[PDB]
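Given as structure tokens, the chain that follows is alone and in the form deposited in one PDB entry.
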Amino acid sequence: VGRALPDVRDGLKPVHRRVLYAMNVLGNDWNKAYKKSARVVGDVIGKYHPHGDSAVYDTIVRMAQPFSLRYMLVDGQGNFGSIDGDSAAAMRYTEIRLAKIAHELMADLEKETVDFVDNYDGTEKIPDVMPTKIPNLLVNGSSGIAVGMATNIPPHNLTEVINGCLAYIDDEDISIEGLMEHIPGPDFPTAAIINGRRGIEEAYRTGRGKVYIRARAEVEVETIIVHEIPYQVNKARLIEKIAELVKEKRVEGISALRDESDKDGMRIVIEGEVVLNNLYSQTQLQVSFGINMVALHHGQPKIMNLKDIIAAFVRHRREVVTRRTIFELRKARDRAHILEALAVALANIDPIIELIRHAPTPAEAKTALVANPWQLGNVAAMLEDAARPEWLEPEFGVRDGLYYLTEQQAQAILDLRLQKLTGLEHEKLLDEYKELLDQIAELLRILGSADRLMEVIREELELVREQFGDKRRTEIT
């Protein structure tokens, strides 16, 4: 039910999420060295997706192929296959790492921005979705033909989808037409041209619509050379298709067929223009694409339109940013709280040390520390509120020129390393504290203003379009 359909929010299925999540836990970053695919697969089979290494590896592979993804999620190094059906190399040879943009899908995963469900054995947690900043469903697409739960969302240009997102934000009552002012149609990683423009306008407007993808080919004088073919077509099975058609003479009349596709480009050489047109009608040089935009929305299958899909992303970015803000705020209080005790501890080290050196056990030193309030040394002007945790009891913290330690704050002091008593290490705790105060006020400034919150989302999208946005590939006629 859920394995078949992708989640509108992140555009992935359980597998994809598991694969990428595992890579994230492995510190398998784009800035770090590559890792053997085996390392990741085995980590996934044993912790998230225990369903045969072959399946998982095929997932890792497809996310690495430049002809499968408009914006690859996995940076693969080695034989990951080709447009001619070439199967990838073994997992113990290929090397991979999270693509630059994949980190954007799991950006803030840590900051309690998404819900986490249990894995097969209940020992590990896995995000329900990814706190993505990238509109992955549209951008990379999603296919599948299951029990009534089929989908067929084509890829799109990030720059275009972002502008579409921004537009929606600037005016919620925007039409599908105004939306198409930025997103004219799909954008395939390989494919060259889409003729039927109305199929797009229909697909976007209602979620469904057949479109036609054709190969970018031309004649030269005598010879028809195809530079780029339709999305998802096997170049090999196309040369062969043409071959067994020229043999049976189905295709009027062809001379010699030769695949001169090198590394720099592609060359499907076939030896006037009447040959090319009659070829399109009988070969894979032109393919239909029944756009079926079905995905998991609110934990339920839905035929969503362009706007529905964009609206779904933006609302996710709303939740994420908010949940991130709430976290950063709590994290901020908790640290400033630990810093207060530490600052206080170091302002009266001599009486602190005296208590410790005479207390037999650490537990006893812990009791003596919280047993009586402490004098605020030079930190009197620093502590003089909102930096205190919403869970802290009022009997703790600075009450009347004296500091009342919690049982925890005492342990922090007790865990203090001698080196932290030096001049430098001391300031770092005081400076950090002062930074937090500026930071919490900012996060509150954000949580309060529903405008400042949306302005945070906007800036993120404009940032992704800059560092990740690229040129359009598929041409629309």
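Quick note: we count residues from 1 along the sequence shown, nothing fancier.
Undergrad: Checking the other compared PDB entries, only those that cover the residues flanking it, does residue 248 lack coordinates in at least one third?
TA: In at least a third of the comparable entries (those modelling both sides of it), residue 248 has no coordinates.
Undergrad: In a third or more of the other entries compared, is residue 361 missing its coordinates?
TA: Negative; every one of those entries includes residue 361.
Undergrad: Would you class the number of unmodelled deposited residues between residue 221 and residue 222 as none, 1 to 3, 4 to 9, or 10 or more?
TA: According to the record, 4 to 9 deposited residues lack coordinates from residue 221 to residue 222.
Undergrad: Just how many deposited residues go unmodelled from residue 240 to residue 241: none, 1 to 3, 4 to 9, or 10 or more?
TA: Nothing is missing between them.
Undergrad: Which wins on mean Cα temperature factor, 182-190 or 403-411?
TA: Between 403-411 and 182-190, it is 403-411 that shows the higher mean C-alpha B-factor.
Undergrad: Check the entry's C-alpha temperature factors for 338-346 and 242-250, then say which stretch has the higher mean.
TA: Here the higher of the two C-alpha B-factor means belongs to 242-250.
Undergrad: Looking at 295, 398, 368, 96, which has the biggest Cα B factor in the entry?
TA: Highest CA B-factor of the listed options: 398.
Undergrad: Report the option among 381, 91, 114, 291 whose CA atom has the maximum B-factor in the deposited record.
TA: Answer, based on the entry's C-alpha B-factors: 381.
Undergrad: Grab the CA temperature factor for residue 52 from the record and place it in the lowest, middle or highest third of its chain.
TA: Highest third of the chain for residue 52's C-alpha B-factor.
Undergrad: Lowest, middle or highest third: where is residue 28 by C-alpha B factor in its chain?
TA: Ranked within chain, residue 28 CA B lands in the middle tercile.
Undergrad: Can you tell me whether residue 153 has a C-alpha B-factor in the lowest, middle or highest third compared with the other modelled residues of the same chain?
TA: For residue 153, the deposited C-alpha B-factor lands in the lowest third.
Undergrad: Comparing against every modelled residue in the chain, figure out the third that the C-alpha B-factor of residue 259 lands in (lowest, middle or highest).
TA: For residue 259, whose C-alpha B-factor we compare with every modelled residue in the chain, the answer is the highest third.
Undergrad: C-alpha B factor of residue 120, ranked within the chain: lowest, middle or highest third?
TA: Answer is middle: the recorded C-alpha B-factor places it there.
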